[PDB]
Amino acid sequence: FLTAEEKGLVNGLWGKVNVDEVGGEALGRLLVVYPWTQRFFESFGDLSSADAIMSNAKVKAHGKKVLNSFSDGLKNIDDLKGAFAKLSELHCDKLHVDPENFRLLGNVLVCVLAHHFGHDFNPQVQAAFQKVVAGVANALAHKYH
């Protein structure tokens, strides 16, 4: 699924990532950049201004969860339908989320990573992540029925 070199770029970069802040930012931005998504998070307290969103305690906590999920995907690239099968059923049967929306969180996650690593975030490294974020979206949509 990923070349020996693509896995180099990916994990080499991910070891550097501070799983705390990056989560509450990917997630924080999903909310401002595409605000219609706020509906799925109505029980998160105040989400009424970017200011309050970025700084919302329960947004950051979800961030980490989202991101460790992502972390576990990397320990498992060779079989990602495997690693996200319980999460697919979750997002479908419990949350009723259009799988199209997965594109969006992968995208914001890619932007944060770029915000954080500038010159280090080169066309080649980015092309590695997209392949992952495309796969994490496909794996999440797999157990929809």
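Numbering starts at 1 and runs along the sequence shown.
Colleague: So 39-47 or 98-106, which one's hotter by mean CA B-factor in the entry?
Modeller: It is 39-47.
Colleague: State which stretch shows the higher mean Cα B factor in the entry: 64-72 or 107-115.
Modeller: Here the higher of the two C-alpha B-factor means belongs to 64-72.
Colleague: Comparing against every modelled residue in the chain, figure out the third that the C-alpha B-factor of residue 12 lands in (lowest, middle or highest).
Modeller: Top third by C-alpha B-factor.
Colleague: Divide the modelled residues of the chain into thirds by Cα B-factor and specify which third, lowest, middle or highest, holds residue 128.
Modeller: As the PDB entry reports it, the C-alpha B-factor of residue 128 lands in the middle third of its chain.
Colleague: What third of the chain, by the recorded C-alpha B-factor, contains residue 77?
Modeller: Its C-alpha B-factor, which the entry lists for residue 77, ranks in the highest third among residues of this chain.
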